[PDB]
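could you work out the structure for the sequence below:
(3 chains, ligands or ions: 4)
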Amino acid sequence: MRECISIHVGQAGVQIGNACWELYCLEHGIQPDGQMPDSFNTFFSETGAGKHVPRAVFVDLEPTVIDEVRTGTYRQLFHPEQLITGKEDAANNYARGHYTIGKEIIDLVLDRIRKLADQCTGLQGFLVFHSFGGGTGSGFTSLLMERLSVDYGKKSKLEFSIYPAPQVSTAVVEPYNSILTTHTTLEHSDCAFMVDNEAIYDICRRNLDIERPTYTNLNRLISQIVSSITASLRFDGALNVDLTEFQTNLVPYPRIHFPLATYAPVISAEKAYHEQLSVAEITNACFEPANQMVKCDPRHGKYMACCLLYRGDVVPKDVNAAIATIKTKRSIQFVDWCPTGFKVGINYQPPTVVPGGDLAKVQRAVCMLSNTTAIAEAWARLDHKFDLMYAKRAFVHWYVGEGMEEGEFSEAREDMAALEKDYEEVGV
Amino acid sequence: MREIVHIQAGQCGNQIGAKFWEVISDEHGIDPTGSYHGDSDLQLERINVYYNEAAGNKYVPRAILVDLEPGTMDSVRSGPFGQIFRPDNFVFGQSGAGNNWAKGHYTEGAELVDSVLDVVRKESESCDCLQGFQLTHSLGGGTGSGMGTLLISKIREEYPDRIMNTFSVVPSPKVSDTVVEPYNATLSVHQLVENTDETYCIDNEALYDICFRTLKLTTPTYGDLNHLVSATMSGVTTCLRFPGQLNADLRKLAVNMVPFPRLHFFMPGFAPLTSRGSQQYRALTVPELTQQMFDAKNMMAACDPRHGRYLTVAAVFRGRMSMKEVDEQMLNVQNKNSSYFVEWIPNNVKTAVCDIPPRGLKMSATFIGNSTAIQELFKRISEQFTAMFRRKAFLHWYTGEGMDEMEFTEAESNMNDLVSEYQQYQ
Amino acid sequence: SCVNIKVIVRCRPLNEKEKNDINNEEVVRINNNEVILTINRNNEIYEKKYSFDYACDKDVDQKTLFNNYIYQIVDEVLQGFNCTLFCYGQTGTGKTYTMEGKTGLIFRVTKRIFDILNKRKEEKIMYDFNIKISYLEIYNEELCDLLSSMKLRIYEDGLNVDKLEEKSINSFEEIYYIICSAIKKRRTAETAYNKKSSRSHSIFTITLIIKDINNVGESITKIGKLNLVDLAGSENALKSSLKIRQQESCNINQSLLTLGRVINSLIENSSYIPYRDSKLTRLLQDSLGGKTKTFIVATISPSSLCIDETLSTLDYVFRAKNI
Ligand SMILES: Nc1nc2c(ncn2[C@@H]2O[C@H](COP(=O)(O)CP(=O)(O)OP(=O)(O)O)[C@@H](O)[C@H]2O)c(=O)[nH]1
Ligand SMILES: Nc1nc2c(ncn2[C@@H]2O[C@H](COP(=O)(O)OP(=O)(O)OP(=O)(O)O)[C@@H](O)[C@H]2O)c(=O)[nH]1
Ligand SMILES: [Mg+2]
Ligand SMILES: [Mg+2]
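Numbering: from 1, shown residues only, chains lettered A, B, ... in the order given. Ligands and ions are numbered 1, 2, ... in the order given. Take a look at the structure below.
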């Protein structure tokens, strides 16, 4: 029918992946051993009677990330050919990830990807997971993206990726990796979903009532976004919206390709005993700055466009009414460019909840994808951090020693600047 | 994968190393006999980082013991785990270096290094994927200083693509030993600055003071001093063998610690620390580790971080904690103590989280600080040195071994420039 | 005379391959003190601007360049001032010949110096002129004095090298033939660009002992310490695409990075500390703000074909003024 192949690059890439696969498995009822005591083929190819296998490639220059996958319960689900490692990590170094170590891994990886693609016909695109602050998640993924843009070209190049938070950081060369990553991202991706970290923790403590969130809490929320985006791939809706239709209805101008996103309702199971989760309430919740998974604030800019995906027990007339209500909320502005800016889809299948999760099971939910000028703030924060490091060439020697030219930092900076400029100009 | 070769040198080195191997052997489920009888498959999944797998499921330390005083080798062999060390890797001479760097660099040491280096080659060639060499020694003397310097120089030249990670004991400004302490230290530091990629400045005075005041030991011995050192060494190489929520190897550590390649000198530390009596009052959570970890009183340096500011710090947390708690506390630390960090770095804290705590703890943390206060260590050494060199005190003991006077001039100059550079960031 | 840093870019005529290629379109326009490079990247047209003291276009030859600045450098050095000049430039420029010729930098300089010295000794009548020379090159971070036909330790009493040879020169011809022999000793890297690419930084030193043996000043000895340093150009890993590549990526690119930090620091008057970052820097520490005239020269071609390289070159070089 239609299908996607997932690519998981870096530790976070892989663990987000593991979480996403747990959710996908749960949604269809596949067991860890590949048995299922249809649209399931959008991800899990039947391989033989009694056995189904998810289409994915997992990569990290460090043996450990994948060993964690290989030794998990899903060791009986994934085919061994899907798990690739190096021997030494990228050490949070873009240049090492792209020019030094990724130099050999890339051939191993492209082989597997080509083999997965050759085994199917509905391929619509690839879903790649990575982080702008990493090594493998920057350098290696940049290498891979370039190569895939040649091997496939026309297939959708969709990605989910973590951007450095306002305050939360894990490393100190993190600002370099992010500027460099963007340079590649801009010329090879079709649609990149921006993901924060700090914002998500803030969601976890306020919306899910979690005092101490872990990486699995962050991943369950990410997984909900991923499930909803592909919900139309996998399940019938009232208003079916294709993955390529999203892209068609996403970009107002060729250089604009970084949607922001949220999900609602995000309520704890305890709050679920009282919350009046109407179509309108969920819809309204999705426009509050407090609930975005990207630390930005839409009240300081305009929406270039907005697309709402409703899932579960929703009625198109109520949905239309809810949106019509939103249209009167003057606090929400749209670019003058798009008087017909709202788009909407309705999937019959509600999202599911991963066991052990805090997120309440609900009868209705909305996944909101949006395109806004507010994204510039994320970029501005990065530029300020980058310039301090860049100006004194701190840690530059670590990249130069891997074969990176100094000029690459300069050019990537200018491309970053151009990126912000474009999103500012299209604000009219 | 990412194998480590451990080269111990000098009595300080060999004793610290003896305790290091005692500790990591327990961590990997290895009995005093060398056989594996552990708790978890994890212990075996990465046992090869430090041990050579052998018939009988014997795990043999991938390590070499070194001195010119043969009793040293037997002393190591006399302890528990001493029978695990490969019988062949006890490499020694019959002289002592006489507490003289030149003797251990230009003369007797030269003969010993060629023998040792060949042993090093065999252990290194036997690896599939060598991460680096861990070296343990002191600046205070002949073998650890002279042999250390000559051997590490040759090793780096033969293995330029591997990490040269040195843990070393630096002399006290007050608790001295030899009459030539500053000569031996200065002459080694001179080359240390070019040969080592990563240096941990373990301060014997501070080490004592931690044991005396923090652990409140009545009569601490070198064994107790070594306990804390072992905690640091074993603490640094954690995620390599103990995976978790946020992993990191030594290359990653180095990448995020030294912005200006010359400044590769760090001040080690470890938390939690407690007296036995104080155990009843511990708030065993992330804030406990945080507040103890950044408490200058627990820094294993005679340097006091409050003196200046940090260029870069890092911590590897281990055990039962959320990532949010770690991130929250680290942000709170930088805000609370913003006056103590260099403004050029947009985030002065590098983190990693291991899901396996040290045995006996609910959680712990390894702390590494690239502090500007390190200039106090080297400044004090320089003052001790110039006082002697200006009078040519004991010069006859070194020039008598063939050293040029120019070698002292160069060594002094490197140390003074090293100090000036650290001060540059204050 | 003292370390004022003057900077020149020499745009070259295109070579035959550059002219034959479809990408022979020139995109560089040079005005006297500025370079405008048309950015056609993504067809976004910009007047990318760089600034120079000597923005020399493709029409400028060796004699003109000599008169534009080298002439001036030589004359100040010979008054008793030091000078450190270094060169940078693109692959394919032939800078490895431009630096010497037979007329390139070293020989044009040598001819000017000896003509001057010959006239000056006539005026004094010698002038006790005596030139010391050395070719102190750096290969895989090792020193290599190509003057000699090993253990080249750097020490500073006074900065010098253990067993460094200092040949004493009386004439252009002595240097000419010494160079002819010395260039045969250049060691190389096998690169995709050139199977015999030089793989070193090279410090040619011309040190003139000057004694002002006039009726007054015979006791005054000044030294015309002129360093003509050929920096290895940055390597694009693709042009070397191996063990040496890594060695030289470090030795060349990290050294260049370092020199960058040094120059920037010098400009920022946040100097000295960087003098110790590399042996190259240490060897050239005399240039870092002292009574040493300084000069930076780089050679580029204008074709579209070499623009990414040009931009990297201009970036490195432009920061000589712009940090
Ligand atoms: N922290 C520790 N420091 C020690 C230990 N043993 C010695 N030392 C310190 O190291 C210095 C003495 O160094 P050594 O016995 O190692 C000299 P080495 O045997 O390496 O060479 P020789 O000159 O041939 O004896 C001095 O500062 C001691 O106070 C120890 O177990 N722990
Ligand atoms: N959301 C979530 N948070 C995590 C996860 N693991 C770590 N993080 C975030 O994801 C990144 C963790 O970085 P790493 O995976 O170590 O980076 P990497 O690409 O693996 O870099 P190298 O392994 O050095 O190549 C940071 O941006 C963290 O904030 C995860 O599974 N997802
Ligand atoms: Mg990794
Ligand atoms: Mg001894």
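
any part of stretch A:397-413 near ligand 2?
No - applying C-beta under 6 Å from any ligand atom, one finds stretch A:397-413 separated from ligand 2 by no less than 12.2 Å. Just so you know, the C-beta spots here come from the backbone N, C-alpha and C atoms, and that holds for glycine as well.

contacts for that stretch next, please.
Outside stretch A:397-413, the residues within contact range by C-beta atoms under 8 Å, 6 or more residues apart in numbering or on different chains are A:93-96, A:98-100, A:173, A:176, A:179-180, A:182-183, A:383, A:386, A:390, A:396, B:255, B:261, C:234, C:236-237, C:245-246, C:249-250, C:253-254, C:256-258, C:260, C:311-312, C:315-316.

try it again at 7 Å.
Contact with stretch A:397-413 is made by A:93-96, A:99-100, A:173, A:176, A:179-180, A:182-183, A:386, A:390, A:396, B:255, B:261, C:234, C:236-237, C:249-250, C:253-254, C:257, C:311-312, C:315-316, as judged by C-beta atoms under 7 Å, 6 or more residues apart in numbering or on different chains.

and if you look at stretch B:34-44?
B:28, B:29, B:30, B:31, B:56, B:57, B:58, B:59, B:60, B:84.

and for the third one, nearest residue in space, chain neighbours not counted?
Excluding its sequence neighbours, the residue lying closest to residue B:30 (C-beta to C-beta, 6 or more residues apart in numbering or on different chains) is residue B:59, at 5.1 Å.

distance from the chain centre to the strand or helix carrying residue A:369, please.
When elements are assigned from DSSP states H and E, residue A:369 belongs to strand A:364-372. Relative to the chain's own centre, strand A:364-372 is displaced by 13 Å; criterion: C-alpha atoms, centre = their mean, to the nearest Å.

quick one, strands of the stretch 151-300 of chain A?
For the stretch 151-300 of chain A, strands defined by DSSP state E, counting those that start in this stretch occupy the ranges A:156-162, A:191-195, A:237-239, A:260-264.

helices along the stretch 101-250 of chain C, start to end?
Assigned by DSSP state H, counting those that start in this stretch, the helices in the stretch 101-250 of chain C fall at C:105-124, C:172-182, C:237-240, C:243-248.

so which of those helices comes closest to chain B?
Among those, helix C:243-248 comes nearest to chain B, with 8.1 Å by C-beta to the nearest C-beta.

residue numbers of chain A in contact with chain C?
A:99, A:393, A:396, A:397, A:400, A:401, A:403, A:405, A:406, A:407, A:410 (C-beta under 7 Å from any C-beta of the partner chain).

out of the contacts of stretch B:34-44, which is nearest to ligand 2?
Taking C-beta to the nearest ligand atom as the measure, ligand 2 lies nearest residue B:28 of the contacts of stretch B:34-44, at 24.1 Å.

contacts only, for the closest one.
Counting by C-beta under 7 Å, 6+ apart, residue B:28 touches B:38, B:43, B:47, B:59.

what does chain C put close to chain B?
Counting by C-beta under 7 Å from any C-beta, chain C comes close to chain B at C:155, C:273, C:276, C:277.

could you write me a PyMOL select line covering just the buried ones among the residues you listed?
Buried residues among the residues of chain C next to chain B (16 or more other C-beta atoms under 10 Å in any protein chain shown), as a PyMOL selection:
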select buried, chain C and resi 273+276+277
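
just the residues of chain C next to chain B: which are in helices?
Judged by DSSP state H, helices contain none of these.

just the closest residue of the stretch 51-200 of chain C to ligand 1, please.
residue C:153 (25.5 Å).

ok, that residue - contacts?
C:161, C:162.

okay, domains of the chain per the record?
No chain in the question, so chain A it is. Domains of chain A are assigned by CATH domains of a matching chain as A:1-259, A:260-374, A:375-428.

wrong one, chain B
B:2-259, B:260-373, B:374-426.

mind checking those for the one nearest to ligand 2?
Proximity to ligand 2 (C-beta to the nearest ligand atom) singles out domain B:2-259 among these, at 5.6 Å.

against residue C:189, how distant is residue A:105?
26 Å (C-beta to C-beta, to the nearest Å).

ok, so of the contacts of residue B:28, who is nearest chain C?
For the contacts of residue B:28, the nearest to chain C is residue B:47 (31.5 Å; C-beta to the nearest C-beta).
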